[PDB]
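Residue numbers (the entry's author numbering), protein chains in the order written: chain S, 4 to 177; chain E, 1171 to 1219; chain L, 245 to 439; chain F, 6 to 49; chain X, 99 to 147. The beta-carbon is built from N, C-alpha and C at its ideal position, and this holds for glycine as well. Just below is one structure, and these are the notes that go with it.
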Amino acid sequence: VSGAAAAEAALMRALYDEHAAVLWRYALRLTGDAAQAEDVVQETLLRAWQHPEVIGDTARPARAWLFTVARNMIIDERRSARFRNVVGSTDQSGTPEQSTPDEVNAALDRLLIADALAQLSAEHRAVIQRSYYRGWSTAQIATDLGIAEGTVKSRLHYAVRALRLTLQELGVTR
Amino acid sequence: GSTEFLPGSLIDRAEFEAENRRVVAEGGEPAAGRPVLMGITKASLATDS
Amino acid sequence: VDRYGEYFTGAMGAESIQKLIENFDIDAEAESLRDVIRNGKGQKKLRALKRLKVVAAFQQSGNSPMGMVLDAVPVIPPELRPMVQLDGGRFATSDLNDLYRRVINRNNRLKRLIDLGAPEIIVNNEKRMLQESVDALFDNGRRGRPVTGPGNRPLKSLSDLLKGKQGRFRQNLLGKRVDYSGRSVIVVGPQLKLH
Amino acid sequence: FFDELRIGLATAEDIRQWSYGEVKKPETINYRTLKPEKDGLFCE
Amino acid sequence: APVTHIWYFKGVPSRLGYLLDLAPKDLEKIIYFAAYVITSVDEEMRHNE
DNA sequence: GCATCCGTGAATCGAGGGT
DNA sequence: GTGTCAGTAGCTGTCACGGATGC
RNA sequence: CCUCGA
C-alpha cells in the first residue's frame, strides 16, 4: 500500500540519523574539505538506498560498509582530474598574473603598410585588401571584382612587389 | 503630508523645499520638516549616487 | 499533514519563501504600515517605519520582490575567472571556478535525486546544500563558516571582488596604474631654479 | 556620453536573457588537449 | 530548486525578514530546512468542519 | 521592551625572494 | 565491488561602533 | 602572503 512506500522513506531517514554525521567526520579527515565531505555523504547514502542488501540486515553493521564506500569514492577523486588542476589558485598569492604585450610594433607596421598601400592603383589596392585583409580565395576575389582568375593572380603578384618597392625605398627591414 | 517622502527619511533641504513648493501650490499639505545633524560618515552614504 | 492535510498547505526551504512572496499583497501591507506610522508608539513605530522603507521600494519601482529568490544563477565570463598554467606543468585556477564547480555538482545531483525519487530526506537535505553552495558563490563567509580551500584558506567570493582596498572599486577604478611614468631616488639640486 | 546608470534586481528572465547557454556539465577543461569541455564552465 | 540570495537574507537588516515580517532566525530555519512553514490554509473549510 | 551579538570599518607608493 | 573497532585541525592574543537580531 | 625601503 501507500504506507509500504512511506516505510522505505522512514527507513532512509533512520540511517541518516545514525550514520550521516559520523560518516561526514570520516570523509572530512580523508579530504580536509567540508564541502567535499558533504558530497561524499550524499553519494554514499545514495548507494545505500540502491542496495537493499545493506539495509536488510540490521543485526549486521551497515556503518562499516559505508566507511568502505566513502573511502573508495575519495581515492577515485584523488586521480587524474585532481592531479593537474588542484595545485594553484589565481586568487592565491604566488601565482603570476597574465599579461599581454603592447601593440607598438604592430601599430608601426600598420602605419607603414597603410602608407605603401596609398601609393597603389585602385585595382591593386582593392585586391590585396580582399586577399590579406578579408582572407578570401583567389576565385572569390575573381567572382567579386568580375575579372579573370589569372587577373587576380597577376594583380596580387605585382602589388606585393610594388609594396616591397615602396618599403625598401623607405628602409623597412627585410 | 501630500508628499511621497517616507516619514523618518533624511532628505536634502533643497528637494524638501522644492517638493513642498509644488504641493503647497497644488493644494495638498506640504511635508513637515525638522533639521537633522548627520555625521560625515553617514552623510556620505546618503549621497544620491 | 497526516490528519488535517486537506485544510492547509505547507512547505520548506527557499521554494516556500518564493511562495510566501507570491501570496503577498505589496500595496496592502504598505498602507497597513502607514496607518501604524500616522498614529503609533515610537517603540513600535520605528520598527514599522523601517519596514516601510523596504516595502515602499517594491511598491513604487514596479519590480517584484520575487527577484530575491533565484531560479537561475549567471555564470561569469571565463576571462574573469581564468585558469593559468604553472611552469611545472601543473595548473592554477581561480577560486570562482571551484565555487561555480561545487554549485554545479550539487545542482546536477539534485536533478538525479528528483528523477530517482530519492527519499524526501535526501532531496530536502540536498537542496539545503545547494542553498549553502550558492550562498558561497555570491558572498562566501557571509553566513556561518567560510568555504575553506586547500590550507584552511577561505575562498574568495564574487562579493569579495569589490570590498576594501583590493576590491574592484578602490584598487582598479579610483586609481589605475599608468603608462608614461617612472620613479627614482631624489637628490637635492641647489643650482636648479624653482620651476 | 551616457547619462544615467540604472541598477536593479535581475529577474530570472533577465538571467536567462543574458546567458548564451546553460552550464550543464561540471567539467572545466581537458588536462591533455587544453580544449575546454563542451557544456562545461568554458564551453565554446 | 529555487534558492535565496544571501545578500537579502543575511545582510543586516534582513531584507526578506522586513518584507514578510518574519524574524531573521525564523527565516534562517525555513531556508535551510530546519522548520516547515505554512504557505496557505483553507480557513473557511476548517470553520465548516 | 532591552541586552546581546552581528557586521562594518581600520594610510600611500615602492624592491626583491618561495611556493 | 565495496561490508567485525573503524570518526576535522585549529583555535581567541585586535577593537570601536552601530543597529538589527533575539530572550 | 615572508623580508625590506620613504
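Along the region 142-159 of chain S, what residues have a CB closer than 7 Å to any CB found in chain L? Within the region 142-159 of chain S, no residue has a Cβ that lies closer than 7 Å to any Cβ of chain L.
Alpha carbons only, please: which of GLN101/S, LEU115/S and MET15/S is nearest the one belonging to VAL107/S? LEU115/S
Counting Cβ pairs, one atom from each stretch, are 3 or more of them under 8 Å apart for the region 359-368 of chain L and the region 403-421 of chain L? no
So, are the CB atoms of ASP36/S and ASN349/L less than 8 Å apart? no
Within its chain, find whatever has a CB closer than 8 Å to the CB of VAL28/F; leave out the 5 residues flanking it on each side and keep chain order. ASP44, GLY45, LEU46 and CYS48
Along chain E, in chain order, which residues have C-beta atoms closer than 7 Å to that of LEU296/L? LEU1176
When you compare the region 97-107 of chain S with the region 123-131 of chain S, are there three or more beta-carbon pairs, one atom per stretch, that lie closer than 8 Å? The answer is no - the region 123-131 of chain S does not touch the region 97-107 of chain S, with fewer than three Cβ pairs under 8 Å.
On the criterion of 16 or more Cβ atoms from any shown chain inside 10 Å, does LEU1215/E qualify as buried, or is it exposed? exposed
Going by DSSP, name the residue or residues bridged to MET310/L. None, per the DSSP bridge assignment.
Rounded Cβ spacing between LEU340/L and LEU402/L (contact assumed at less than 8 Å): Correct: roughly 7 Å between the Cβ atoms.
Drop a sphere of 10 angstroms on the beta-carbon of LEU324/L, count the other beta-carbons inside from all chains shown, and report buried for 16 or more, exposed for fewer. Around the beta carbon of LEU324/L, a 10 Å sphere encloses fewer than 16 other beta carbons of the protein chains shown; the residue is thus reported as exposed.
Is any beta-carbon of chain X found at less than 8 Å from that of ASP315/L? yes
Along the region 73-90 of chain S, what residues have a CB closer than 9 Å to any CB found in chain F? Sequence-ordered contacts of the region 73-90 of chain S with chain F read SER83, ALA84, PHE86, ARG87 and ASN88 [C-beta pairs closer than 9 Å].
For the pair the region 289-300 of chain L and the region 428-437 of chain L, tell me if three or more CB-CB distances fall below 8 Å. no
Please confirm whether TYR25/F has its beta-carbon closer than 8 Å to some beta-carbon of chain S. Under the 8 Å criterion on CB atoms, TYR25/F is classed as non-interfacial with respect to chain S.
Contact criterion: CB-CB distance below 8 Å. Does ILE430/L meet it with respect to chain E? No, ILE430/L lies away from the interface with chain E (no Cβ there is under 8 Å from its Cβ).
Within chain S, partners of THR38/F - CB distance below 9 Å: Under the 9 Å cutoff, chain S gives no residues; its nearest Cβ is about 12 Å from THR38/F.
Should the region 49-58 of chain S be regarded as contacting the region 78-89 of chain S, the criterion being three or more beta carbon pairs within less than 8 Å? no
Measuring straight from C-alpha to C-alpha, what distance separates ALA67/S and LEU125/X? 38 Å
Taking only beta-carbon atoms, is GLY385/L less than 8 Å away from chain S? no
8 Å CB neighbourhood of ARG372/L in its chain, flanking five on each side removed: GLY257
Give me, in chain order, the residues of the same chain whose beta-carbon lies closer than 6 Å to that of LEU166/S; leave out the 5 immediate sequence neighbours on both sides. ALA119
Residues of chain X with a CB under 9 Å from the CB of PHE382/L: which are they? By Cβ distance, chain X contributes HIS103, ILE104 and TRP105.
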